[PDB]
There are 2 protein chains.
Amino acid sequence: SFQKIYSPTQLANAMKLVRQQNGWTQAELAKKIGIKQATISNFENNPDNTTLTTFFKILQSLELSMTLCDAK
Amino acid sequence: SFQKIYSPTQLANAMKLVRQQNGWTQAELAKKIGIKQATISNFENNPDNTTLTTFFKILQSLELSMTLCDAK
DNA sequence: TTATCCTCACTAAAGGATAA
DNA sequence: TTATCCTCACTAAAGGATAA
């Protein structure tokens, strides 16, 4: 159930949920994509100033992609 | 036709296309959402270090939302 | 119309690491 | 395991603005 997302907080919460559902650690994702674990922690908790690059890398680590859609 | 997106560049290119297709100026979107036109120009051309907050605001201006999906 | 410029205050992310 | 800390180099984004 991938819902429409409207903010960095909503985005981070959804992505964290995917990580937890799959039983992945922050450290293991971070290693896979070559970024700091600390960076993933910052994304999950403090997403607003997170870069697009960090977001896409994490998305890849989670075996996810994204699409645009209508706001409704 | 909203396709899967895998990078900041792909994301920016898709969003610019929506703006152009609708005939919107950078200046008008920027006004609507209270950010600089320069910021929108930076997003479209240099998206990699753009913040999640900027991305979501622009998405709103474009009458768009986003969802997660499988990478495939 | 939009890429581009100046300045300033702030932050992300890298390097490194810790507690419990 | 993950939130959190230090440092440093870099940038985004705000304020302001321009050319043509």
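Within every chain, numbering begins at 1; the chains are lettered A, B, ... in the order of the sequence lines, protein sequences first and strands thereafter. Hydrogens, waters and symmetry mates are skipped; everything else that's a heavy atom, side chains included, is used.
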Nearest-Å distance, [atom1] ([X]) to [atom2] ([N])?
X     : N      : atom1 : atom2 : value
B/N42 : D/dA14 : CG    : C1'   : 13 Å
B/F55 : D/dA13 : CZ    : P     : 13 Å
A/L52 : D/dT11 : CG    : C1'   : 13 Å
A/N46 : C/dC10 : CG    : P     : 16 Å
A/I40 : C/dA13 : CD1   : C1'   : 12 Å
A/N49 : D/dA14 : CG    : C1'   : 12 Å
B/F43 : D/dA14 : CZ    : P     : 14 Å
A/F56 : C/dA13 : CZ    : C1'   : 18 Å

Practice task
Using a cut-off of strictly less than 4.0 Å, decide whether A/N45 has a side-chain nitrogen or oxygen near OP1 or OP2 of D/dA3.
Solution key: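 Affirmative; the distance criterion is met.
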Practice task
Return no unless some side-chain N or O of B/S41 is found under 4.0 Å from OP1 or OP2 of C/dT4.
Solution key: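 For C/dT4, OP1/OP2 do not have a side-chain N/O of B/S41 under 4.0 Å.
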Practice task
Taking only the side-chain heavy atoms of B/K36 (C-beta and beyond), determine which of D/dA14, D/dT11, C/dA13 contains the nearest atom.
Solution key: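 It is D/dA14.
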Exercise for the section: Tell me which nucleotide among C/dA13, D/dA13, C/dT11 gets nearest to the side chain of A/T51. Expected result: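 From the listed options, C/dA13 comes nearest.
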Please state the [atom1] separation for the pair [N] and [M] - nearest whole angstrom.
N     : M      : atom1 : answer
C/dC5 : D/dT11 : P     : 14 Å
C/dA3 : D/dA13 : P     : 15 Å
C/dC6 : C/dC10 : P     : 22 Å

Practice task
To the nearest 0.5 angstrom, please state how far the CD1 atom of B/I40 sits from the CH2 atom of B/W24.
Solution key: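 Taking CD1 in B/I40 and CH2 in B/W24, the distance rounds to 11.5 Å.
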Would you check if the side chain of [X] reaches a backbone N or O of [Y] as a donor-acceptor pair within less than 3.5 Å?
X     : Y     : result
A/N22 : A/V18 : yes
B/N45 : B/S41 : yes
A/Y6  : A/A71 : yes
A/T53 : B/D48 : yes
B/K32 : B/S61 : yes
B/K36 : B/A27 : no
A/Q20 : A/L17 : no

Under 4.0 angstrom, heavy atoms only, what part of the nucleic acid is [X] near: base, sugar-phosphate, or nothing?
X     : result
B/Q37 : base
B/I35 : sugar-phosphate
B/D48 : nothing

Exercise for the section: For the pair A/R19 and A/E44, find out whether any cationic side-chain nitrogen is under 4.0 Å from an anionic carboxylate oxygen. Expected result: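 A salt bridge is present here (some side-chain N lies under 4.0 Å from a carboxylate O).
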Practice task
Using a 3.5 Å limit on both pairing distances, list the dot-bracket string of DNA chain D from the 5' end; Watson-Crick and G-U wobble pairs count, crossing pairs take [ ], interstrand pairs take |.
Solution key: |||||||......|||||||
Practice task
Taking only heavy atoms on the protein side, list every residue of residues 14-32 of chain B lying under 4.0 Å from any atom of DNA chain D, sorted numerically.
Solution key: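 Residues of residues 14-32 of chain B that come under 4.0 Å of DNA chain D do not exist, since none gets that close.
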